[PDB]
């Protein structure tokens, strides 16, 4: 199932409303867990407070709306969840901790409050960014773990370490692997191994001509290699208003692909791509932090 040069999706509407007290659910990370979906997300309340949560595991996507929403007592904004197989330990990576990126570990990722004390994941800084490093994602191959991240500044960054040294810090240095205008490579990168192909997929969130969010895609044949544009304009995006099949939202924004595995290989099935994204009613206005983001799911047409 080669990636299409022109993507066509169908979509759900919003799959859950935020639990009373939160105005939004955002930045989804999602793994398979004992035949169910296990999702973590960023929260925002009705004032000025960012936080995080998970849902109870749920079997089918109709069950997301009724799955109990569990606030985390330790905020892990824009989280990445995965199982790190070589040490039989679950990892939750995030930002806005004591350094640029942080992680915690657990033996039960369903427990929102069962994560370890905060560990340093990345301690670097980047030039020409108001946010600093944001929206990490991690992926490993046979020999190395990789960290990719953005800076709301048109650049995508990469760090690596031998897989035997993980979990641990990637250090303080990173390599720019792509650069473009701020709007073209904005944030929310996600990197995956394509099942059955010697190819990796990166999707990156962009800001379109009239402010609408959408995803641009790139591929590589090795995680330390160069990235090649795969679907990189608003009119021919990886996923956006042009091809989502969604009218409940114009935005197709910070989310994650459904994976074939929970572990660090971050594998996805190109025969059945599905994107769990955040979207919002186009009639929604007000400040960015209060925007009523909700989860939705795209399914690739083939």
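Numbering follows the first chain given and starts at 1.
- Look at the mean CA B-factor for 86-94 and for 162-170 in the entry; the higher one is 162-170.
- Look at the mean CA B-factor for 259-267 and for 30-38 in the entry; the higher one is 30-38.
- The PDB entry gives the largest Cα B-factor of the residues 137, 232, 74, 228 to 232.
- Taking the deposited Cα B-factors for 78, 206, 202, 209, the highest one is held by 209.
- Ranked against the other modelled residues of its chain, the C-alpha B-factor of residue 194 as given in the entry falls in the lowest third.
- When all modelled residues of the chain are sorted by CA temperature factor, residue 22 is found within the middle third.
- Ranked by C-alpha B-factor against the other modelled residues of its chain, residue 278 falls in the lowest third.
- Annotation for residue 187: C-alpha temperature factor in the lowest third relative to the rest of the modelled chain, per the entry.
- Among all modelled residues in this chain, the alpha-carbon of residue 288 has a temperature factor (C-alpha) in the highest third.
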